[PDB]
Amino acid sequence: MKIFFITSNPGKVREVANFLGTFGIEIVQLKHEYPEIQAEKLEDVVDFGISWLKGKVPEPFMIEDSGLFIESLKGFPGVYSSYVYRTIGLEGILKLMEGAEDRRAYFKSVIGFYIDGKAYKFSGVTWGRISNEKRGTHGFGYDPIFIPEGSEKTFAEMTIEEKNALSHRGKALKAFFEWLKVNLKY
């Protein structure tokens, strides 16, 4: 069964393809731009995206939005994680966190799926903490400064398979896969 993943993020495609590929699912990246609205929830961005894309791309298709939410920073950068990463980057987050009593944060992923004229959403959350230094050559974004709960390594020190086994995206993909199994029986 093939699923078209509308995204411009190669790293995300690799993580999604790695996880689902093990279950006979073929992920096909489709670079079709769509508006990502400003909103207080990743789910709202995904809802608008699906509504904008339907009828314009092959089906079934999926999109995804994710972000890092830092407790001591009231959830920042959250929905705007990509922009913040491109501007202030890892250095900026570490600067903001200097002297922070609480370095806890969570990553969240929301997957939107569209098939037979209906939209569905799946989400995943992984709590952890912001490290005091960047480490790792894998992943992308804030992976070098995020250590998931129960681990001694940052996401960037993990392989795609290892990251998927613990990440927000991996959890969203697990829920997504279960739904696919049950509803499509592909």
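For every residue, the number given is its place in the sequence shown, counted from 1.
Mean C-alpha B-factor comparison - 63-71 and 47-55, higher one: Result of the comparison: 47-55.
Mean CA temperature factor from the deposited coordinates, higher in 5-13 or in 20-28? The recorded data point to 20-28.
Looking at the C-alpha B-factor values in the deposited entry, which of 100, 111, 79, 88 comes out highest? That would be 100, according to the entry.
Using the temperature factors in the entry, find which of 38, 123, 151, 126 has the highest value at its Cα atom. Highest C-alpha B-factor among the listed options: 151.
Record-listed C-alpha B factor of residue 143: chain third: Lowest third of the chain for residue 143's C-alpha B-factor.
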